[PDB]
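Just so you know, ligand 1 is whichever comes first in the structure, and atom 1 is the first atom listed for that ligand. Each chain gets a letter, A, B and so on, in the order the sequences are listed, and its residues count up from 1. Basis for what follows: all heavy atoms, side chains included, without hydrogens, waters or symmetry-related copies.
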Amino acid sequence: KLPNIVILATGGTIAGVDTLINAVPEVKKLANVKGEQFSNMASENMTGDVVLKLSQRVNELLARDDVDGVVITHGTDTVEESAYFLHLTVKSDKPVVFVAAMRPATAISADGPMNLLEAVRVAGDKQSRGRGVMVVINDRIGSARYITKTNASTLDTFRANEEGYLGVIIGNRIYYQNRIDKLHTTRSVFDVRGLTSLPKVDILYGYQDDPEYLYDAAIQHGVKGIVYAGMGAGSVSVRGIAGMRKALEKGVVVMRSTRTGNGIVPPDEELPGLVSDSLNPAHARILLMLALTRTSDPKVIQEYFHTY
Amino acid sequence: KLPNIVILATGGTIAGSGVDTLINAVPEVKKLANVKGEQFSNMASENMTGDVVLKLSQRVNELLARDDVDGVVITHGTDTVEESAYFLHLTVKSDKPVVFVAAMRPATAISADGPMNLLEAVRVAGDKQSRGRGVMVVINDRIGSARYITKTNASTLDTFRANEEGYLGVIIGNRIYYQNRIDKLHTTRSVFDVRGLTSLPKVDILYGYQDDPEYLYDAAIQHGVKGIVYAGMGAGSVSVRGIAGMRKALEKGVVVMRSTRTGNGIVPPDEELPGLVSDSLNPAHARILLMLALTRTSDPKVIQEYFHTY
Amino acid sequence: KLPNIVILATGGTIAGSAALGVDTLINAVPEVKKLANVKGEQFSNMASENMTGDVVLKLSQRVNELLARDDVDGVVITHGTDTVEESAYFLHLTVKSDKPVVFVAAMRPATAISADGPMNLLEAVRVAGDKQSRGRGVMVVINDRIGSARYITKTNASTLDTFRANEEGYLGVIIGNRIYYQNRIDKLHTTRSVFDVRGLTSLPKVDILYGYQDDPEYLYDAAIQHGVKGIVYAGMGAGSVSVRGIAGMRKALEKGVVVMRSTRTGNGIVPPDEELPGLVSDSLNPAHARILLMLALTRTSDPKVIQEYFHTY
Amino acid sequence: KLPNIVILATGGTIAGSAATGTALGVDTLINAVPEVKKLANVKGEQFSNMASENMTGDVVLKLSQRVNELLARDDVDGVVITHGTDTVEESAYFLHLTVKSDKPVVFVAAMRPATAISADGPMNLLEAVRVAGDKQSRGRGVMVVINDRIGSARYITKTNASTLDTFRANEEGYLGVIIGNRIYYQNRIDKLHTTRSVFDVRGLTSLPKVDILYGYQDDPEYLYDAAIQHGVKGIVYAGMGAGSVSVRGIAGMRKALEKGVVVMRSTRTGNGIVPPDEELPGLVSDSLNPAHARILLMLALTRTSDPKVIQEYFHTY
Ligand SMILES: N[C@@H](CC(=O)O)C(=O)O
Ligand SMILES: N[C@@H](CC(=O)O)C(=O)O
Ligand SMILES: N[C@@H](CC(=O)O)C(=O)O
Ligand SMILES: N[C@@H](CC(=O)O)C(=O)O
């Protein structure tokens with residue numbers, strides 16, 4: 001009866017992998033679980049080269065006939081970045097479910113145990129296939145493309161204000177609500193098998209008195225892309241625009257996102273750079289880095305931003 | 001009979017295709033108040049700068065000192081209204097209403113929001129019950145505190161929200177409904193005296209994200225910044241590279257303030273990390289309070305206390 | 001060639017003044033004529049609080065007929081905000097077409113300063129005429145948002161941004177004259193729905209009873225005595241029932257009335273609980289639950305079949 | 001000196017015990033969070049032990065009188081009330097109107113039973129005790145503390161059937177939050193409550209009867225008749241939109257008013273303002289939801305049946 005699920009641990013407040021498994025032995029009634037310790041770091045230290053390797057490992061795991069799904073334990077701070085990277089790069093319809101905890105395993109009313117039990121339920125459910133990469137936490141199933149950590153510190157921090165959840169887990173039952181209307185996983189062009197490094201992309205904030213010199217510094221340190229976390233709908237001050245023009249003059253791809261938290265940065269013929277659609281800055285950086293593995297053609301990169 | 005309101009125009013999409021053109025388009029405002037328009041500036045708010053917001057604050061302070069001004073409405077772009085409004089929230093030494101207003105659609109647009117926004121803002125500014133509430137941002141039938149309200153969406157009419165703090169009030173059916181008073185210091189109780197000042201200590205904002213680079217901290221230090229606000233991962237969590245950058249800044253006397261990129265909530269104290277914490281201030285609000293904090297002191301404990309009280 | 005869109009008007013504040021015919025709404029936003037070849041048809045002209053099942057049934061049947069024509073590519077239905085979620089979910093279950101069906105409404109009357117209706121209607125016509133809008137289920141378009149009829153609800157008495165689906169989000173948004181589609185609903189609707197209402201002229205009676213401290217058994221008695229076929233309970237919490245409500249429900253079940261337990265809370269799942277009477281409404285709110293229950297009772301009174309509809313529609 | 005906090009237990013899922021991790025007395029709640037001893041000197045008192053869907057006005061009245069008695073004592077600094085989540089908003093708003101003290105009254109609840117994996121009640125209870133015992137918490141009105149949030153009784157509502165984060169005040173936010181063992185107070189409510197409320201229920205043992213009727217397509221007039229015949233003193237209408245009323249509902253309302261029943265138009269929508277409309281029967285609920293509006297109406301009817309006086313209470317409380 002039971003699905004074969006690998007729990008691949010990377011670190012996080014949620015935390016070895018076998019302690020997490022033995023600490024929530026109820027997972028063993030939902031799936032035949034095998035723990036693998038991939039890494040053990042706080043997610044604020046997760047790096048692209050490690051995420052690239054995580055993607056390659058999960059691709060290897062899901063190519064096996066004896067693996068039905070993977071649960072990846074991770075820190076909450078950057079789970080949206082790791083999850084979106086896998087969303088673009090894992091070429092399987094078998095479920096990939098990131099899980100995390102906002103309270104440490106030792107805290108009163110720690111959320112990790114239930115989050116993990118939910119994540120294993122989701123990863124093992126046959127109805128979970130072909131949905132894109134998911135983040136499960138606090139009874140919710142979020143798409144990697146939409147979900148984001150919206151609050152510094154609360155248990156219900158992961159939300160997608162405009163897109164909602166793919167599903168919810170209540171009373172030990174999964175309720176699937178939406179399928180994302182975007183490309184991912186088995187329909188994505190972002191194959192990264194045997195890449196070993198990724199194009200450098202920095203994120204610069206927009207705000208009153210924002211300085212041009214941060215652009216100059218990024219250019220000088222060899223960035224290939226800049227994601228702008230812009231005022232409003234990717235609006236730019238005279239200083240930012242001077243900086244973006246310098247970047248473009250020097251061969252950098254400029255992507256205008258928003259610092260607001262939500263919503264669409266629309267095309268604008270009268271401003272430099274590309275536009276991020278509804279990708280926030282963290283997600284935009286991940287798609288831009290992957291885009292630059294394939295192309296430097298701004299029309300092609302822009303169309304990825306509208307479709308992924 | 002009527003309240004005397006000054007409409008001080010700074011620019012923004014609310015005036016997008018003069019202040020008297022905005023007034024003449026909403027002649028209904030004249031039944032709520034005796035309005036006078038003044039054109040302070042005309043710029044998109046992405047170009048608003050501290051030096052200009054200083055002048056704005058000084059002008060509004062001057063106006064509110066006058067018997068013949070009951071309140072001020074400030075028309076502004078949406079993109080950085082939260083920054084301008086929080087600056088005035090900290091520096092305007094009057095209990096008379098100061099109401100920032102804006103529009104997400106240009107004045108020419110089908111179902112443009114500016115006309116009703118402006119009428120609501122004039123109602124709020126003239127209402128006797130509006131006194132002593134701190135600076136306000138009025139848009140889309142909502143009254144937001146300058147300390148909590150933020151532009152949460154790039155493009156929608158209902159973008160201004162304070163998810164955890166709610167609205168001070170709402171305007172429905174031509175009546176104001178006051179819900180909350182902010183439990184923070186502001187306006188007449190503020191220490192932030194900016195009379196005589198013409199510029200402000202330099203503070204930049206650096207983002208937190210996977211692979212964030214140390215060299216941006218170096219660049220900021222080299223350019224003479226007095227403060228760095230960090231728009232951190234999670235609860236102001238810092239990578240190894242960020243910590244290195246922050247330790248370099250602290251050694252050079254830069255005040256480092258850890259906020260969050262998430263959008264909401266509390267960055268709690270953590271003695272094992274560098275720098276101060278931003279309480280519930282988002283990075284744009286944190287920059288504004290940190291610049292004003294540095295007009296009084298560089299002492300980290302004093303600044304941290306401002307951050308827990310303003 | 002522009003899409004051919006019928007604008008079917010039913011009333012609402014969108015046509016209110018401080019009433020207006022469909023051609024006036026159209027002519028107040030002449031931009032709609034650049035997006036589509038529009039034909040206005042006045043179906044009704046009432047406030048939506050007065051919209052009734054028998055009329056919604058006729059609306060559905062008319063829209064079904066229209067969308068079977070080769071010269072109609074989609075329909076926009078102007079309606080009051082107050083019960084648009086009920087009309088829209090009814091059509092979502094009963095219109096057997098993939099062509100777009102887009103309800104639109106306005107929170108401010110047409111005469112109001114910064115009236116919302118003009119942009120709402122333009123957006124609605126854009127949505128209805130886009131080929132990418134096909135096969136999505138019935139939609140409610142307002143305030144730059146495209147809500148599924150199955151999830152969207154009026155969440156605020158009085159604001160422009162009242163239509164939200166907190167847990168399910170929007171199907172799409174309309175920004176800068178462009179449609180951004182985000183989600184497809186994972187539920188049955190329209191061309192995959194079993195709820196055929198061709199030929200019908202009336203629907204089984206279903207009332208909604210509220211749950212709250214001191215809630216009285218006598219409202220159950222009254223509904224039962226008046227011949228209701230179903231009772232939707234707008235329950236405390238997750239369809240929780242007081243001793244009085246349980247007494248009332250057991251009376252109803254004795255008389256063959258189908259009891260459906262929803263929630264007054266506004267959102268989320270009422271889970272199965274074999275210890276309590278009645279069926280459970282999944283994530284359907286009470287207004288939506290009533291619409292699905294009325295239609296279910298046209299086909300079955302088997303509680304298991306009804307329960308499965310509530311988990312799949 | 002630590003504050004003296006009474007934990008007054010009334011039931012709820014916070015005190016629930018299921019078969020497995022996928023009824024309880026107060027001292028069991030207290031003993032599962034021994035950390036509470038460092039925040040306060042706590043004493044447990046068992047007021048009731050029921051599911052909150054069974055809480056009744058007559059018992060809520062007794063609860064308020066007990067809390068009033070407790071807070072009059074010098075040796076009581078604050079009270080925490082453990083309760084079911086389903087009608088906590090009703091009991092809390094009742095006390096918010098009738099507790100004549102500035103000392104903290106903090107309702108607390110839990111969405112998962114005590115036996116559940118990652119049960120929320122232990123931390124909810126600790127946070128409620130911290131809030132009740134903090135000197136900064138006085139004079140804030142009655143509070144509901146759950147999931148790191150401090151909600152005013154006047155605004156807070158259960159918005160979701162089943163999630164941990166269900167308690168929200170979408171338009172009014174939280175009074176405060178509790179993060180890292182520290183309280184952050186954000187707002188003071190701009191409404192009358194507690195020591196400034198006219199609603200004294202010291203002598204009473206019951207309240208005027210008020211029922212709630214829903215608004216929806218095809219809503220039936222006969223439920224108005226039924227209510228009137230069962231002796232209601234008020235009807236709260238959970239109306240369509242902004243308290244909009246069908247022709248059937250208007251006929252029902254008019255019959256109610258003829259019989260001296262006070263009709264209060266609220267909204268089913270979940271949030272926002274039901275504005276005055278002289279063209280419609282009855283009064284309007286301001287931003288009070290139906291459950292809150294019923295509580296205020298019952299208390300209003302202990303003092304007056306003057307619709308003007310009742311309307312003004314609804315704009316001020
Ligand atoms: N800093 C932690 C926070 C968490 O997991 O809640 C991490 O991201 O590893
Ligand atoms: N970029 C404009 C946007 C607006 O006002 O909606 C501004 O901030 O001036
Ligand atoms: N009562 C009106 C309100 C609206 O349309 O906004 C209706 O539903 O017809
Ligand atoms: N039905 C329970 C639900 C809860 O406590 O969460 C009660 O309200 O007592």
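Under the 3.5 Å distance criterion, with hydrogens and angles disregarded, no donor-acceptor pair is assigned to the side chains of A:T10 and A:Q37. B:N140 and B:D113 are not linked by any side-chain donor-acceptor pair at a separation below 3.5 angstrom, with hydrogens and angles left out of the test. A side-chain donor-acceptor contact under 3.5 Å links C:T153 and C:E85. A side-chain donor-acceptor contact under 3.5 Å links A:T76 and A:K149. Side chains of C:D82 and D:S244: a donor on one and an acceptor on the other come within 3.5 Å. Residues A:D210 and A:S237 bring a donor and an acceptor atom of their side chains to less than 3.5 Å of each other. Remark: the A:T78 side chain and the B:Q210 side chain contain an N/O donor-acceptor pair separated by less than 3.5 Å.
For the pair D:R268 and C:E86, the salt-bridge criterion is met [side-chain N within less than 4.0 Å of a carboxylate O].
Inclusion of C:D82 in the set of residues having an N or O under 3.5 Å from an N or O of ligand 3 is warranted. Considering backbone and side-chain atoms alike, C:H79 places every N or O at 3.5 Å or more from each N or O of ligand 3. Note: an N/O pair closer than 3.5 Å links A:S43 and ligand 1 by distance alone.
Shown in contact with A:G12 at under 4.0 Å from a heavy atom are these atoms of ligand 1, numbered in order with element: 9 (O). Contact atoms of ligand 3 toward C:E49: 1 (N), 2 (C), 7 (C), 8 (O), 9 (O) (distance under 4.0 Å to a heavy atom of the residue). Applying the 4.0 Å criterion to heavy atoms of B:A44 picks out, from ligand 2, the atoms 9 (O). Each of the following atoms of ligand 1 lies closer than 4.0 Å to a heavy atom of A:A101: 4 (C), 5 (O), 6 (O). Shown in contact with D:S244 at under 4.0 Å from a heavy atom are these atoms of ligand 3, numbered in order with element: 1 (N). Listed by atom number, the atoms of ligand 1 under 4.0 Å from A:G75 heavy atoms are 5 (O), 7 (C), 8 (O), 9 (O).
Nearest protein neighbour of atom 6 (O) of ligand 2, counting heavy atoms only, is B:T78 OG1, 2.7 Å. Closest to atom 3 (C) of ligand 2, if we only count protein heavy atoms, is B:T13 OG1, 2.9 Å.
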